[PDB]
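**Student:** everything below, folded, please.
(2 chains)
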Amino acid sequence: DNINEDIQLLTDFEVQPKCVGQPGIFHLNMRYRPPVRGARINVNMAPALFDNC
Amino acid sequence: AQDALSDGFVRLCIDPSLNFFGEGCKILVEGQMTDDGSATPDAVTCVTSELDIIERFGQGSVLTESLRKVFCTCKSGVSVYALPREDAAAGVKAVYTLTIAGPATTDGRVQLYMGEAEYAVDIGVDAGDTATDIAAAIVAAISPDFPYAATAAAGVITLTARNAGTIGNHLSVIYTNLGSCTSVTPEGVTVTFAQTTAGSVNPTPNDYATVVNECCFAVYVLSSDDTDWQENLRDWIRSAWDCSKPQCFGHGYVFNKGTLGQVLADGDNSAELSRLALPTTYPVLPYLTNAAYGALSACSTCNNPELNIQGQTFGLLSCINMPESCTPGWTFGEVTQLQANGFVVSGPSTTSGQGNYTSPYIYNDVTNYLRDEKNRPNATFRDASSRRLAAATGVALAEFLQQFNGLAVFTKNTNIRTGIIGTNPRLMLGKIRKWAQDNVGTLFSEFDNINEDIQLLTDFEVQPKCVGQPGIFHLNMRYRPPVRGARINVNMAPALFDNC
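**Tutor:** Residues are numbered from 1 along each chain as shown, chains lettered A, B, ... in the order given. The structure is reproduced below:
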């Protein structure tokens, strides 16, 4: 949808309070869309027999 | 030595003084601990992480569970302090009897919401299982962290509170499987919940002055329903907010579970406590919700003191999960009566009959403060934001004024020469006004008149002639703090006509 807003990387400094976050710790949030299984295909056949309608 | 350092022309020092960690979120969780724990009672101890909770404060104790909720709530907090308490000498453990009758004739699932959603059990009952087998299965499925030791006896499950006192009197087992369309409860099996004995004598420590002498705590969480113990904590935090000695502020978080009359009677004019009004039919163990609320408030203090722990976004106790119901705990009449009398009301995030779990969120983030020392109904400390933010403002102004400590003070006409560590009341007031104007939109609102709102007087123009002492100043600051934001009365007026 938006790879820029789906994957975010923050340091531990911008997640934890002031002077509490530790250096070298990162927080990666990834909002991805995996393939789905595919459960049912509801097919609705509608035979058309008329030519002038 | 090492080349370029051996001749002593370059002398090198490392100075690792910048990179020291700040404390963090100073929340003191107080509650009873079981004798299985290794912690020393009546002593404030740092709790580093959720790992040592069971070892230190007992397995399934009240303090263990409240600390588990405090750790689930805040981000990665390690500055959680605990204050373990011993059970009263003559304390009586509450005993509930979950009696099961059968036998089951059809298969099914037996789901039970005991305590919180973390403790729920979900067993599979087959056809022909006697009540004994079902009780044994439920006991074997009861989580060990559940603050109730479960023993099966001929189909009756005796749940004995791990901690003596009245704190065990708030267990609500809900057979959240009846009438379910998805999970079909077995035919036969009948779950009944009775409480054969009540909790009794509670701890009344009253030793905060000694245990927490000057070790300040932004948030005190009390995991007891005893109003005497809550009153002792209230008196302590009130002393912490006292002009007499140097204030190092705090704010207490207690709950009051009962009927509307009982909850309102348990309240007083305590600006120091944020009383959490819980209905009699409250499913979650109350100290868990109280601990989540206090932990959220603390975890805000660390970041944004002006934030109000309120609403589905900022006051959402996502760790707590209670089953959804159409009966809304407090009716809106009771909600208005509680919010009127300075009580924090909490409600389900979603209402439904589908029987999911919902996280309670805080309706109003207020203290139990309604009226002044003249009883003069006042609004200074109505909000928990107000206490948190008055503390933050006092500390920020004090840390700013500390820069005038040590400086020699000249008269307000002297133009201090350069290189002289000195100042005069005029420069002091100018710097204070600049500080206050720097905190507009961060700590105050704007200033009606910053010149007439912030005044600095020497002790000579306050005291009588030749009575004032040199070097003593009186600073009056009339600021406007951010307000909480309680209600938005929206009045929709649809207009359908074009020629009117």
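**Student:** do a quick rundown of the strands in chain A.
**Tutor:** Ranges of strands in chain A, per DSSP state E, are A:7-11, A:26-30.
**Student:** so which of these comes closest to chain B?
**Tutor:** strand A:26-30 (9.8 Å; Cβ to the nearest Cβ). Heads up, the C-betas are built off the backbone N, CA and C, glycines and all.
**Student:** residues in chain A within reach of chain B, list them.
**Tutor:** A:15-20, A:22 (Cβ under 8 Å from any Cβ of the partner chain).
**Student:** straight-line length of stretch A:2-21, end to end?
**Tutor:** Length of stretch A:2-21, first residue to last, Cα to Cα, to the nearest Å: 28 Å.
**Student:** buried stuff in it?
**Tutor:** Across stretch A:2-21, burial judged by 16 or more other Cβ atoms under 10 Å in any protein chain shown covers A:12, A:16-17, A:20-21.
**Student:** where's residue A:27 relative to residue B:69, distance?
**Tutor:** Distance, residue A:27 to residue B:69, by Cβ to Cβ, to the nearest Å: 22 Å.
**Student:** show me how far stretch A:9-22 is from its chain's centre.
**Tutor:** Taking Cα atoms, centre = their mean, to the nearest Å, one finds stretch A:9-22 lying 25 Å from the centre of the chain it belongs to.
**Student:** how long is that stretch end to end?
**Tutor:** Distance between the two ends of stretch A:9-22: 15 Å, counting by Cα to Cα.
**Student:** show me what residue of chain A gets nearest to chain B.
**Tutor:** Closest approach between chain A and chain B, counting by Cβ to the nearest Cβ: residue A:19, at 3.4 Å.
**Student:** now the two most distant members of the buried residues of stretch A:2-21.
**Tutor:** Within the buried residues of stretch A:2-21, A:12 and A:17 form the most distant pair, 10.6 Å apart (Cβ to Cβ).
**Student:** list the contacts for the closest residue in space to residue A:28 that isn't next to it in sequence?
**Tutor:** Using Cβ to Cβ, 6 or more residues apart in numbering or on different chains and skipping the chain neighbours, the partner closest in space to residue A:28 is residue A:9 (5.2 Å). With contacts defined as Cβ atoms under 8 Å, 6 or more residues apart in numbering or on different chains, the neighbours of residue A:9 are A:26-29.
**Student:** highest neighbour count among the residues you listed?
**Tutor:** Most neighbours among the contacts of residue A:9, by other Cβ atoms under 10 Å in any protein chain shown: residue A:27, with 15 neighbours.
**Student:** now do the contacts for that one.
**Tutor:** A:9-12, A:15.
**Student:** now the residue lying closest to the residue of chain A closest to chain B once chain neighbours are set aside. Its backbone dihedrals?
**Tutor:** Among residues not flanking residue A:19 along the chain, residue B:22 sits closest, at 3.4 Å (Cβ to Cβ, 6+ apart). Torsion angles at residue B:22 (phi, psi; degrees, to the nearest 10) stand at phi -80, psi 150.
**Student:** hey, what's residue A:27 bridged with?
**Tutor:** Bridge pairing for residue A:27 (DSSP bridges) gives the partners residue A:10.
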